[PDB]
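Excluded from the calculations below are hydrogen atoms, water molecules and symmetry mates; all remaining heavy atoms, backbone and side chain alike, are included. Residue numbers count from 1 along this sequence. As the structure lists them, so they are numbered: ligands from 1, and atoms in each ligand from 1.
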Amino acid sequence: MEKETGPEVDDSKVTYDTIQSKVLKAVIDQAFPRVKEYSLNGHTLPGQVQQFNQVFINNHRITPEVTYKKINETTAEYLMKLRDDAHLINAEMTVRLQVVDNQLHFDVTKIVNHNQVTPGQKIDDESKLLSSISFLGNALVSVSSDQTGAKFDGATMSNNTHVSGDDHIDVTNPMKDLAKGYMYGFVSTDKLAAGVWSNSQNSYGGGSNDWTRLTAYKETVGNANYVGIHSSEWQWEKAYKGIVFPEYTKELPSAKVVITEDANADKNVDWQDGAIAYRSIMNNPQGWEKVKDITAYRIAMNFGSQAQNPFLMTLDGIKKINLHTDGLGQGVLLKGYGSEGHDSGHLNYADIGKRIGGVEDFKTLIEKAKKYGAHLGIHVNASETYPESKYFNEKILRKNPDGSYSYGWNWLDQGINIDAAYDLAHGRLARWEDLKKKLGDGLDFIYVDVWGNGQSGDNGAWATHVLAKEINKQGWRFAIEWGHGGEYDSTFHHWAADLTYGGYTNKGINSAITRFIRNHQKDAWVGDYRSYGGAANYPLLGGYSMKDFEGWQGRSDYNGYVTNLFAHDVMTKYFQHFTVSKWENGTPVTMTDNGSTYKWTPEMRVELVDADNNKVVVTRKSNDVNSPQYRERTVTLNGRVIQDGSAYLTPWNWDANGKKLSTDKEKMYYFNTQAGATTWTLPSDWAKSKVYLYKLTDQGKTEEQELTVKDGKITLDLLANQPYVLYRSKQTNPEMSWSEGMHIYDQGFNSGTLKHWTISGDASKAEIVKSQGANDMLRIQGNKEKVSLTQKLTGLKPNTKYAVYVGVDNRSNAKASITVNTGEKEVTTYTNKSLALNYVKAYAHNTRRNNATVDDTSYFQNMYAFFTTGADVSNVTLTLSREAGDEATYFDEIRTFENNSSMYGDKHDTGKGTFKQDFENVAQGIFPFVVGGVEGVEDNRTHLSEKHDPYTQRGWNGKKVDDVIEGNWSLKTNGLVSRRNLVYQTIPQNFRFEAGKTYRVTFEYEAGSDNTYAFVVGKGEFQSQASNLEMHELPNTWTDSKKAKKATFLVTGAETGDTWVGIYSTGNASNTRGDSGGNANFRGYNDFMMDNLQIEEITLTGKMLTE
Ligand SMILES: CC(=O)N[C@H]1/C(=N/OC(=O)Nc2ccccc2)O[C@H](CO)[C@H](O)[C@@H]1O[C@@H]1O[C@H](CO)[C@H](O)[C@H](O)[C@H]1O
Ligand SMILES: [Ca+2]
Ligand SMILES: [Ca+2]
Ligand SMILES: [Ca+2]
């Protein structure tokens, strides 16, 4: 390429002024808000050297009519009149340039559109809107090829672990053309560096063209090439289908430059200096300060009406983690906080799940969690909804150009995508406000699922910023799913933090520049996941690795959750207590993974600092990618080694909420992923002290040991993959108030003792044991007389209807019971040997082998009693008991909660009389049924359907069957045809067909197809040697009827006491009547609904004897 030339600059007709602080001077044009050049400490950086007195308004070139006033020594103002009659532009904007020390601020301080526009109202011509303002062509700062050390460094979005988003370009003549959007951009010489920020929500496209708030441009002036950094286009008045968006969607344009000399004392001036300085001018995502102390993220899941994780139970998990981590902070995402659980009731943010304890128990959880530094978040959706939701309406639904619905997720029900732009223009904000009003203060984060994939239309930079602002205004921190989502406002990205998702192309932000700037503010990065290669092959800063134990994607591994916190997250979070100050890359390496062989340049040393001038240095032990030392680091703190390879001994000087610890609460954590002795030098303020070591378990600090300090050093030869904590004085474990608010002490058997139970009988026959999944359970076995355990139920309300259940898995034929005595009345329920395996994926005692109770299976099911308090609630007791037997009964979870069911002879309490279930007051689940094995262990596609006329009912969008037969609730199964398996069944603990007695079972049902579902009678454990079943295939209920049909069956209890009834998915094909896809799913061809179940004990007389 030949040396390049361009026009020289004739400034004979230009009048310049200067504005200046004590350190920075800017030469500015009086004709237009342009900076010609900057001076700081006798060094210079150009701005926009060649005048370009044009702006682009609505993508039309306009020569503004400008008037100027120098306001004061640092500040100048420009009034810019904008007129283009052909394009209906008639407006004016005011711009200020202001120097603040080493910063230059560019602000549009006022915009007036002389066209009539009313936010929230119709506009008849959208071209009358003043929708975009661009000052592209006027660089805010630049560097010239004639300057020594001239370089540009910029970041773009990459989520591919093989491909850095960063460009590093020497500014030379000749050089390659450059006209490109960037998220972050720096220019520098050997003397000065500059960074640029803008609030522009411009996009040039997806991928690396998105979040492009800056544009870099090469311009040749005379014999020199300049690379300048411009703000990209800003947005202003916008509409959707003629409806002008709310005023809050308009944010005045702003940009800033910062200019700096060496800022990290390396005696070199480069982008890193600019990046340090940039932290003073940048936006900061709201809530970022919390991130560094949220060490233990996870999800607690509810789904399908089951109430797997009631709000108050989540507090007990918080207490386990508080003990086991010795007080590290937590972040629990409540996926299924609303409606019937996860993926129910979307858009109605304020509909806090009633079956998990409602707003009252949510409020208690938020408040009580504060002292454990445990922050709660919720999962919401702003992209799709279901007929059941209050906010389902034709107007909000997304339609394709052809008029068809854009169908969304199908799982419990068939959802339809919403039009997010319509939503914004029609009151979305108020839905957040309603949640805030109902819930109150103290919620930490809103995680918006799906958003950023386009299901709801535009989910790009501008639309995301608007959404985030609505959430942030309520006091909530923003979190999103995708690695590429929410770059401006997010603090957490699920597919960055859960390293398993998506594979190597779909991870966190692969940018050294961006991570240097923002590592401490968000979990948005590339973590250690060797099989992805590139940046994910042992990042020096770590990166959040999220696992779970409360039901998300079936996850239940408590011990592995904790090991993972210490293996990845403790050091990741340690670094976030500092800001990056220096970043050094090594020589390129060659890697082969994921179907390619490629080059990657790794970081070899990263330094960080804090406001106390502590210095952390992280060094990769080798640049050789084929050496084990490539995947090892050293970490020093003020030169003292705190990590070396597999082991660390790291200080922690912050409480669970991030507050500075008192001196006597300062501690160190030890963790080593390998066996072997390690030796550590103590800091001077430990070297002469006594030192005590504790093994951390789910019981807190254990196995106290005083260490021998020799020559200021300690040596630790401890268990691999086991956390320990060290202190300078003896420590104890506090009272945890297990299960506070739940009316009973420790109902998950987490406290290591049964001493708070009153035990009647031989106490040696009751003990806490661990399941095959390491989950604690009460076990009674080997007893020749009854064994009972009793507690008072505390804190109840007088004259109030309650439910209580215990989870029970009985391997004995002996009676295992739950009994409540209110003082005035006693009620009891029992089970003999359990006969139904547990298929609920989000429940910790499902039958997946790794969750198994014993013998590789789980038959846990909730065993209920229903009672009513009297006037005095000072002596209400709960007793778990077991009659004599050699085999074991296992119990876990005793939940007592308000309930208004009337199942027993039209009365609430457990007792005699005709059994009825109208599904209107279900405590949880699908009682008296339990989900069967039709889908295996799954987020079962059977739940309690909620009415929303007309959308849930026959006729809407051609629906063939009602979701709800009577009242507000029914029992719905979505699409589980042709499975040759049991959809659900009663169990004796929930309804016992007594030996030799006959019952009339009646219900109303909808069925979309003939003989796809059957009513069945069985006994004992169902086996799909297949079990004998009495089979009654059911006809469709709509081709010859305007409503649900009534079914009636006689059932006699087997002498073995183990008779049950249920609904079975036959082998027959369903009939979608020529419909397909979403229409076929929506319309209910493949569905079954039940309501108004009655089971009446009868004596067969007269014509009953004929059938
Ligand atoms: C998918 C996922 O991990 N989470 C939820 C979700 N994410 O949005 C997507 O677009 N996901 C996606 C990922 C890969 C390929 C296609 C799509 O969206 C869903 C709602 O649209 C749903 O909530 C996803 O979670 C699943 O939820 C079901 C129950 O509805 C079930 O619990 C699954 O185990 C979850 O992964
Ligand atoms: Ca430097
Ligand atoms: Ca009903
Ligand atoms: Ca539903």
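Vertex the Ca ion (ligand 2), arms ending at OD1 of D262 and OD2 of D273: the angle is 110° after rounding to 10 degrees.
Remark: side-chain polar atoms of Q308 are paired, donor with acceptor, to backbone N or O of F303 under 3.5 angstrom. A donor-acceptor distance shorter than 3.5 angstrom exists from the side chain of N594 to the backbone of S531, with no hydrogens or angles considered. With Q414 contributing its side chain and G408 its backbone, the two residues share a donor-acceptor pair below 3.5 Å. When atom types are taken as modelled, the side chain of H948 and the backbone of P387 share a donor-acceptor pair closer than 3.5 angstrom.
Looking from atom 10 (O) of ligand 1 to the surrounding protein, the closest heavy atom is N453 ND2, 3.3 Å. Looking from atom 31 (C) of ligand 1 to the surrounding protein, the closest heavy atom is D939 OD2, 3.4 Å. Scanning all protein heavy atoms for the shortest distance to atom 24 (C) of ligand 1 gives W409 CZ2, 4.1 Å.
Annotation for ligand 1: atoms under 4.0 Å from non-hydrogen atoms of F303 are 29 (C).
Aromatic rings from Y1013 and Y1005 are positioned such that their centres are separated by 6.0 Å or more. Aromatic rings from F478 and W451 are positioned such that their centres are separated by 6.0 Å or more.
Nearest heavy-atom pair, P950 versus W956, reported as atom, atom and distance to 0.1 Å: O-CB, 3.3 Å.
Nearest-heavy-atom check against atom 11 (N) of ligand 1 across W552, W482, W411 picks out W482. With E481, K335, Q553 as candidates, the residue nearest to atom 36 (O) of ligand 1 on a non-hydrogen basis is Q553.
Electrostatic pairing of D498 and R555 counts as a salt bridge here, judged by a charged N lying under 4.0 Å from a carboxylate O.
Put simply, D270 stays out of reach of the Ca ion (ligand 2), with no N, O or S atom under 3.0 Å from it. Taking backbone and side-chain atoms together, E946 has no N/O/S atom less than 3.0 Å away from the Ca ion (ligand 4). In summary, an N, O or S atom of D413 is located under 3.0 Å from the Ca ion (ligand 4). Note on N268: counted as a metal contact of the Ca ion (ligand 2), an N/O/S atom lying under 3.0 Å.
No side-chain N or O of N393 forms a donor-acceptor pair with one of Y391 less than 3.5 Å apart. Using modelled atom types, one finds no donor on one side chain facing an acceptor on the other under 3.5 Å when comparing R979 with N981.
Close to ligand 1: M301, with a non-hydrogen atom less than 4.0 angstrom away.
Between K972 and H943, the closest side-chain pair of non-hydrogen atoms falls below 4.5 Å.
At least one N or O atom of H342, backbone or side chain, sits closer than 3.5 Å to an N or O atom of ligand 1. For ligand 1, the polar-atom distance check against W495 finds no nitrogen or oxygen pair separated by under 3.5 Å. For ligand 1, the polar-atom distance check finds an N/O of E384 within less than 3.5 Å of one of the ligand's N/O atoms.
Protein heavy atoms are found inside the 4.0 Å sphere centred on atom 22 (C) of ligand 1. For atom 17 (C) of ligand 1, the nearest protein heavy atom lies 4.0 Å away or farther.
The name of the N, O or S atom in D266 nearest to the Ca ion (ligand 2) is OD1. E388 contributes atom OE1 as its closest N/O/S atom to the Ca ion (ligand 4).
Only the side chain of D449 comes within contact range of ligand 1, with a heavy atom under 4.0 Å; no backbone atom does.
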Candidate pair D1091 and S970, rule side-chain hydrogen bond (donor to acceptor under 3.5 Å, both in side chains), full reasoning: CA-CA 5 Å; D1091 210 341; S970 301; 2.7 Å; yes
